[PDB]
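Only one chain is shown below, in structure tokens, and it's the form solved without the partner chain.
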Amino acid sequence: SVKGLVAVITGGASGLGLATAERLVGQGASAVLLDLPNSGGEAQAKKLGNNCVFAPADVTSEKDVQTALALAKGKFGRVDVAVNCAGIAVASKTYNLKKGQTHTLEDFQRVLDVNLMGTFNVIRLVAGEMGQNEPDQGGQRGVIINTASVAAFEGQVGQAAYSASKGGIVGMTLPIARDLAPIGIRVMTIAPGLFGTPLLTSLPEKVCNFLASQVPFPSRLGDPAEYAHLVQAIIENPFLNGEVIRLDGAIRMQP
């Protein structure tokens, strides 16, 4: 039961974040879609109901995340859960000898800033709010669920920056799970595989169908509702901490 828990979901206006917000609000929890101003997340917040609000913020900026967290605290009084689903994907080979093209450092920097720096910024700014809370029966003061990727374990070609950011999240899951262990904040990570959401619009449709056929079982793109289900299960279980869960369907990405 997640009745009454307040969850701050970053990138909640689209894909996995929106699916998680939908499932959490549908079960009584509160939601604060911490998303970009132009993402059109206010419409999603209006659709979800009064329990859900929209915070226009860029996770790469400290001031925006602080404003969103202040809004969440004012509206609901607590931040009992955090979901870091805000990220971007860029496909670009490190170096293309035939075409003489070298990965632009700007793309790598932007991908890291949005994914890894953004996730750490949200974690560090929501840790304070979750630490001002009072421990429940068990000492817990909150839970943080990051969104890594299977690109952090078996990344494909032209996926170096994305894999770098997701591997950073995977690596820093445990150090942060030990920094906040005295407080009582659990920090988990989810490494989803191939999921059906706008992030895949860039990939060619034929490539997407082939990949969906390549998943051992179920041979389909993961439903975002399944990511939301795993997030809820992680929130409910008080003994899941400092761990990465591959929600990929047994797919291992070949070169």
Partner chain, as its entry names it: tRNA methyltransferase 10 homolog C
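Residue numbers count along the first chain shown, from 1.
Another form, the form solved in complex with the partner chain, is not on view; read the next lines as being about it.
Under a 4.5 angstroms non-hydrogen atom cutoff, the partner chain in the deposited bound form has residue 91 among its neighbouring residues.
The shortest heavy atom separation between residue 67 and the partner chain in the deposited bound form exceeds 4.5 Å. In the deposited bound form, at least one heavy atom of residue 253 sits within 4.5 Å of the partner chain. A residue is said to contact a partner when one of its heavy atoms sits within 4.5 Å of a partner heavy atom; residue 40 fails this definition for the partner chain in the deposited bound form, lying far away. Shown without its partner, the chain has 156, 157, 158 in segment 152 to 166 as residues with a non-hydrogen atom within 4.5 angstroms of the partner chain in the deposited bound form.
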